[PDB]
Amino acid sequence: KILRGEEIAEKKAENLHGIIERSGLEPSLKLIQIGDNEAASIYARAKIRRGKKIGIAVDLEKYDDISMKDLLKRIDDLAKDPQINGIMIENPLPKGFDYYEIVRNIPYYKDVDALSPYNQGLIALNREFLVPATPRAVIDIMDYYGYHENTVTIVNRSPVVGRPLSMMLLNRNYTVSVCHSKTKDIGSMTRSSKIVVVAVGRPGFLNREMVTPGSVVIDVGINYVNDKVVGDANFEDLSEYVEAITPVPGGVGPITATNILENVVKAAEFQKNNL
């Protein structure tokens, strides 16, 4: 009933430290950050720290201010470097810097964030190779707590969450509805599904009216309200009504970083095998 993520992350990371010891890989991950976004820095250091524990070299390159020219070059140099297995650009970026074109000059087998067109392509086509960290982390919860073959409603249709997630759920035999700010009647769809994955970035959004007693709620939102961190779901309200629910913080979030490292391991071994 309380879908915790910390214990799932540790298992993944043990499994992964396994695979590197007795495989002899030495995966490398470059991180690039532009500005001082506090969320992104915390995300960077969590990946450096878990990398260190697992055996992954993860290095952060901060830049106060960089041109498109110099940044594109830097990525180009990193892309060509065979000792660099993964490359990841952190978000948000400054104005006029578009993630989806920048990210495209990273070869897909270095694309650890897995949001480049080629990687989304293979997910779409059910030949998952590198898969984004959050949709990954939602399925982890499902795998770990025992949810299979269900109807799922995703409230979110972004490239980072609900779109690759919808395609990953179909690759695994789930029945899938996606909806969004232009859906006239969300409540109807969310009450009818076994599972509700929610990522609208709006506190209090998923309340009792949106779910049934049989509901399993996976809260992807992260909101700051009163220096405090909270998801999209009225956690307290539902935890006494719904069948199972991810708390925020402590649900999807503890897994993300490790699922990035998971991608860096797959990438580094695909490089060994193929180049």
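The first residue of the sequence shown is number 1, and the count goes up from there.
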Exercise. Higher mean Cα B-factor in the deposited model: 154 to 162 or 71 to 79?
Worked result: 71 to 79
Exercise. Which has the higher mean CA temperature factor in the PDB entry, 242 to 250 or 45 to 53?
Worked result: 45 to 53
Problem set entry | Most elevated Cα B-factor in the entry, residues 120, 134, 91, 188 | 91
For this session: Determine which member of 170, 103, 200, 112 has the highest CA B-factor, using the values in the deposited entry.
Result: 103
Exercise. Relative to the other modelled residues in the chain, which third contains the C-alpha temperature factor of residue 180: lowest, middle or highest?
Worked result: lowest
For this session: Using the B-factors in the PDB entry, rank residue 260's C-alpha atom against the chain and give the third, lowest, middle or highest.
Result: lowest
Problem set entry | Chain thirds of CA B-factor: placement of residue 146 | lowest
For this session: Using the B-factor values recorded in the entry, state whether the Cα atom of residue 127 falls in the lowest, middle or highest third among the modelled residues of its chain.
Result: middle
Seminar exercise, completed: Assert third(CA B-factor, residue 221) within chain per record equals middle
